[PDB]
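K.L.:
Structure in structure tokens, see below.
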Amino acid sequence: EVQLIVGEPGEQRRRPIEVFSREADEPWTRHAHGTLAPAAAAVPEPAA
Amino acid sequence: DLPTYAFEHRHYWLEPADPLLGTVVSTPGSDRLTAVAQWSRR
Amino acid sequence: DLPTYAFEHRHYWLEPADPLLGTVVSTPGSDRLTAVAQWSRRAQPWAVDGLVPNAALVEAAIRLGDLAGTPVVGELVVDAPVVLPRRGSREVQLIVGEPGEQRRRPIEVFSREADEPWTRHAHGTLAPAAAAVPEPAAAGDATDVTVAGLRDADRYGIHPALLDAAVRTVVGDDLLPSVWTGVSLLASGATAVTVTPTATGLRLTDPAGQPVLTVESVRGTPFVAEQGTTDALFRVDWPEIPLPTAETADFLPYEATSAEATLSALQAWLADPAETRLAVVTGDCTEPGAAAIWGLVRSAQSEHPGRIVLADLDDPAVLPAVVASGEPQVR
Amino acid sequence: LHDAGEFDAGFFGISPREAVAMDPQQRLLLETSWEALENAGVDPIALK
Amino acid sequence: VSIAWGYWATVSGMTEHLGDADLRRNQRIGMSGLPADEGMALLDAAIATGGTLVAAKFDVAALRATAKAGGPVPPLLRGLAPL
Amino acid sequence: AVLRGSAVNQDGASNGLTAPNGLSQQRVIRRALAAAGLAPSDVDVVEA
Amino acid sequence: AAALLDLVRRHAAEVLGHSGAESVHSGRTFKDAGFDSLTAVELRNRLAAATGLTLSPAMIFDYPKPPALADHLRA
């Protein structure tokens, strides 16, 4: 069972994303955690 | 010619009974979004 | 006798591939439990005229407490009975808070029709199964109640229709039961029950005499309901978007001054074979003539999308960027 | 009969995608009918 | 209070001439019929509110499905059909 | 009523597995008429 | 006409579920390969949309051989 919890947005309306996981009654395992930021009108592509 | 038999009728019938995201739960009164999914090799 | 044909062979095969509770989710690191299930006409045949009896919510809470080990209903206050839509389905989420005093788990039953705002329908606390739960003192003769066409009665401890019919003879037909307290489950799958009235609660016993369910106290009040009728009002808000950092764009600027001149410019541009984008710059939308020109241009871009930039500008220097913004209507 | 999954598709002009769809009983019958017709010394083509 | 009433479910003089193509075009862009009693309720609610409002029925689910499928969502209805 | 004669045959090699063939229908009609011992000018109505 | 032959062979192989474009062979007619009503009409779409042209949904019966069909698309 894999769950993605997104909390209430905070700074810059960034939503905190957490990826918990568990098997049956195993303890929850937070795998990947971070923040999601809203898109900008013009995203600067990095130099090749 | 005379009418046929008049059966009494009662009803019989047998009722036949996004992998990565799964089901998203929107918390009532809260902006929190909790997605639950079943991840398996198959 | 000659031998037969020699075939080429390859493999070919095709392998085949509680309604009141539904899905149960446990909060990671928290004792709260969320019960998510879909409510619809085809899922609840006993829910007549869209109305879901509060006994259905009581039985759902009983099943949730059985899952969580708290079958005794310490409290259950029904904010409003659930009325399901004739067309579509309603998402109902049961939020059971972490157990507190005396291991009582707070419980709330929120419901919403798709995009409808979340509304709670029941609230209270659930207590764990006590060692001794005495039956409420009898106040009336026990009456057997039978409901025809009970579907999946074995699925629930007591069928929601059966529980509603049992509570009608105690609380009263004209009064919808609102607050519930001390609901203890003693048997499951009972199809026909006998209701023994008490001072406030009710006993539910099978025809064999084994106690099936107890309610220490239940009270009823008249109820009325409402639905979404005021959600069809829409207001034209103006969320901000950042203009692109573009210093050049292909456009034909037109400083609109009157509705007739704007219409003449629109028809002349339509007659123009050149594929040149046209932008209309007016005054504030609150102005009458500016609003008329705005509506004219809105209909013009409705006829010909992708060739109109309706910009309400106080500085025309950002006009090309608006054209490169991608939104035909920009203020 | 642990060889029931084998069948010739190109011999009868059958596309591979409709081969899996059809029942193995039909394939077995189709093959064995040709076998029997050949065993009798009768030309299958002349029977049309 | 100015209300941009949609195509009423009650046939009026202005809507005498909308053909089947017109109703289908309106329903395609999300413009649906306005029920009579719901129209009266919306008028009361708008008089309570006041200002420049729109009282029309917009199919949110179908517009969202069209947006997910790549259909051209009008800019004004993009709020009701988020991408 | 009296059932006089009947016949049954197969479509055979046609333009498809489901496509019909007029010649097979003509042949089955002639076979049924011959079996019934009648003539094509005797019937008055056909349920197509 | 090599490019047209390659594209039609690849599209036919994808349509019939063949392992590769080499399995379909330019001697057998389209009917012998296992083409019927359902496959032909969707192959018409898959080919016409890719090539940007329009065609009647019955190319198969007019041109039984893939080279003949490719010559038709050339003109």
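Every chain in the structure tokens takes a letter, A first, then B, and so on in the order presented; its residues are numbered from 1, and the ligands are numbered from 1 following the presented order.
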Which residues of chain G come within 7 Å of chain D, and for each one, what is the closest pair of atoms and their distance in Å to one decimal, counting only C-alpha atoms, sorted by chain and residue number, as a tab-separated table?

P.N.:
```
residue	atom	partner	partner_atom	distance
G:16	CA	D:15	CA	5.8
G:17	CA	D:17	CA	5.3
G:18	CA	D:16	CA	6.5
G:32	CA	D:13	CA	5.3
G:33	CA	D:13	CA	5.7
G:34	CA	D:15	CA	5.0
```

K.L.:
If you take only C-alpha atoms and a cut-off of 12 Å, which residues of chain G touch chain F, and what are their nearest atom pairs and distances in Å to one decimal, in chain and number order, as CSV?

P.N.:
```
residue,atom,partner,partner_atom,distance
G:31,CA,F:16,CA,9.3
G:32,CA,F:16,CA,11.2
G:34,CA,F:16,CA,10.1
G:35,CA,F:16,CA,9.3
G:36,CA,F:16,CA,6.9
G:37,CA,F:16,CA,8.4
G:38,CA,F:16,CA,11.3
G:61,CA,F:15,CA,10.2
```

K.L.:
Do a neighbour search on residue D:24 at 10 Å with only C-alpha atoms, toss out local chain neighbours closer than 6 positions, and write the hits as a ChimeraX atom specification.

P.N.:
/C:12-13 /D:4-7,30

K.L.:
Based on DSSP run over this structure's backbone, return all residues of chain E in alpha helix (DSSP H), as number ranges by chain.

P.N.:
E: 20-28, 36-49, 60-69

K.L.:
For the residues in the current selection, export N, CA, C and O atoms as a compact mmCIF listing (two decimals), in the first residue's frame.

P.N.:
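See again28.txt below for the written result:
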```
# COMPACT_ATOMS: atom_id res chain seq x y z
N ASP E 20 -32.06 23.32 -33.43
CA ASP E 20 -31.38 22.21 -32.77
C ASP E 20 -29.87 22.38 -32.81
O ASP E 20 -29.18 22.05 -31.83
N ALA E 21 -29.34 22.90 -33.92
CA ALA E 21 -27.92 23.21 -33.99
C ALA E 21 -27.53 24.22 -32.93
O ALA E 21 -26.45 24.12 -32.34
N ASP E 22 -28.39 25.20 -32.66
CA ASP E 22 -28.09 26.19 -31.63
C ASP E 22 -28.05 25.58 -30.23
O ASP E 22 -27.14 25.89 -29.46
N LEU E 23 -29.02 24.72 -29.88
CA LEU E 23 -28.97 24.07 -28.57
C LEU E 23 -27.75 23.18 -28.44
O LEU E 23 -27.10 23.15 -27.39
N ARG E 24 -27.42 22.43 -29.50
CA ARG E 24 -26.24 21.58 -29.43
C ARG E 24 -24.95 22.39 -29.31
O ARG E 24 -24.04 22.01 -28.56
N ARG E 25 -24.85 23.51 -30.04
CA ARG E 25 -23.69 24.38 -29.92
C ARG E 25 -23.58 24.97 -28.52
O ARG E 25 -22.49 25.04 -27.95
N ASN E 26 -24.71 25.39 -27.95
CA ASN E 26 -24.69 25.94 -26.59
C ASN E 26 -24.27 24.88 -25.58
O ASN E 26 -23.44 25.16 -24.70
N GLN E 27 -24.82 23.67 -25.68
CA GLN E 27 -24.45 22.62 -24.75
C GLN E 27 -23.00 22.18 -24.93
O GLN E 27 -22.37 21.73 -23.97
N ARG E 28 -22.47 22.31 -26.15
CA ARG E 28 -21.07 21.98 -26.38
C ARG E 28 -20.14 22.93 -25.64
O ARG E 28 -19.11 22.51 -25.10
N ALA E 36 -37.18 26.90 -14.82
CA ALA E 36 -38.04 28.02 -14.42
C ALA E 36 -37.92 28.31 -12.93
O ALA E 36 -37.52 29.40 -12.53
N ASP E 37 -38.27 27.33 -12.09
CA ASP E 37 -38.21 27.54 -10.64
C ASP E 37 -36.78 27.80 -10.18
O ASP E 37 -36.55 28.66 -9.32
N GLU E 38 -35.82 27.08 -10.74
CA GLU E 38 -34.42 27.38 -10.46
C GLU E 38 -34.05 28.77 -10.96
O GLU E 38 -33.21 29.44 -10.35
N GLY E 39 -34.66 29.22 -12.06
CA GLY E 39 -34.44 30.59 -12.51
C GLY E 39 -34.94 31.61 -11.51
O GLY E 39 -34.27 32.61 -11.25
N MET E 40 -36.12 31.38 -10.94
CA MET E 40 -36.64 32.29 -9.92
C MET E 40 -35.76 32.28 -8.68
O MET E 40 -35.48 33.34 -8.09
N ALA E 41 -35.30 31.10 -8.26
CA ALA E 41 -34.41 31.01 -7.11
C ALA E 41 -33.10 31.74 -7.38
O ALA E 41 -32.57 32.43 -6.50
N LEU E 42 -32.56 31.60 -8.60
CA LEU E 42 -31.34 32.31 -8.96
C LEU E 42 -31.56 33.81 -8.98
O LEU E 42 -30.67 34.58 -8.60
N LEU E 43 -32.73 34.26 -9.44
CA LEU E 43 -33.03 35.69 -9.43
C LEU E 43 -33.08 36.22 -8.00
O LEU E 43 -32.54 37.30 -7.72
N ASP E 44 -33.72 35.48 -7.09
CA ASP E 44 -33.74 35.91 -5.69
C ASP E 44 -32.33 35.94 -5.11
O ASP E 44 -31.96 36.90 -4.42
N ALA E 45 -31.53 34.91 -5.38
CA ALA E 45 -30.17 34.86 -4.85
C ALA E 45 -29.32 35.99 -5.42
O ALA E 45 -28.48 36.56 -4.71
N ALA E 46 -29.52 36.33 -6.69
CA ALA E 46 -28.75 37.40 -7.31
C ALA E 46 -29.17 38.77 -6.79
O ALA E 46 -28.32 39.64 -6.59
N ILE E 47 -30.47 38.97 -6.57
CA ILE E 47 -30.92 40.21 -5.94
C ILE E 47 -30.35 40.33 -4.54
O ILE E 47 -29.97 41.43 -4.10
N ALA E 48 -30.25 39.21 -3.82
CA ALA E 48 -29.57 39.22 -2.53
C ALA E 48 -28.10 39.58 -2.68
O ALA E 48 -27.55 40.33 -1.87
N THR E 49 -27.45 39.06 -3.72
CA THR E 49 -26.03 39.31 -3.93
C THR E 49 -25.79 40.69 -4.54
O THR E 49 -25.15 41.55 -3.93
N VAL E 60 -19.87 20.87 -15.35
CA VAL E 60 -18.48 20.88 -14.90
C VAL E 60 -17.77 19.59 -15.30
O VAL E 60 -16.62 19.62 -15.78
N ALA E 61 -18.42 18.44 -15.11
CA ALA E 61 -17.77 17.16 -15.36
C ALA E 61 -17.43 16.98 -16.83
O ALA E 61 -16.31 16.56 -17.18
N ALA E 62 -18.37 17.29 -17.72
CA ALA E 62 -18.12 17.12 -19.15
C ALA E 62 -17.06 18.10 -19.65
O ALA E 62 -16.22 17.74 -20.48
N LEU E 63 -17.08 19.34 -19.16
CA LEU E 63 -16.06 20.30 -19.54
C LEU E 63 -14.68 19.86 -19.06
O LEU E 63 -13.69 20.00 -19.79
N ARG E 64 -14.60 19.33 -17.84
CA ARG E 64 -13.32 18.84 -17.34
C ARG E 64 -12.83 17.64 -18.15
O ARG E 64 -11.63 17.53 -18.44
N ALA E 65 -13.74 16.75 -18.53
CA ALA E 65 -13.37 15.61 -19.36
C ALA E 65 -12.87 16.08 -20.73
O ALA E 65 -11.89 15.53 -21.26
N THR E 66 -13.53 17.07 -21.31
CA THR E 66 -13.09 17.61 -22.59
C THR E 66 -11.72 18.27 -22.47
O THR E 66 -10.87 18.14 -23.36
N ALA E 67 -11.49 18.99 -21.36
CA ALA E 67 -10.18 19.59 -21.13
C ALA E 67 -9.10 18.53 -21.00
O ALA E 67 -7.99 18.69 -21.54
N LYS E 68 -9.40 17.43 -20.30
CA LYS E 68 -8.44 16.35 -20.18
C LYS E 68 -8.21 15.64 -21.51
O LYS E 68 -7.12 15.11 -21.75
N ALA E 69 -9.22 15.62 -22.38
CA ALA E 69 -9.10 14.98 -23.68
C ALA E 69 -8.46 15.88 -24.73
O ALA E 69 -8.19 15.41 -25.84
```

K.L.:
Name all residues at most 12 Å from residue F:2 (count only C-alpha atoms; drop same-chain ones fewer than 3 positions away) and give them as a ChimeraX atom specification.

P.N.:
/F:5-6,36

K.L.:
For residue A:13, please output as a list in words all residues within 9 Å (counting only C-alpha atoms; exclusion window: fewer than 6 positions along the same chain).

P.N.:
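What passes the distance filter is residues 36, 37 and 38 of chain A.
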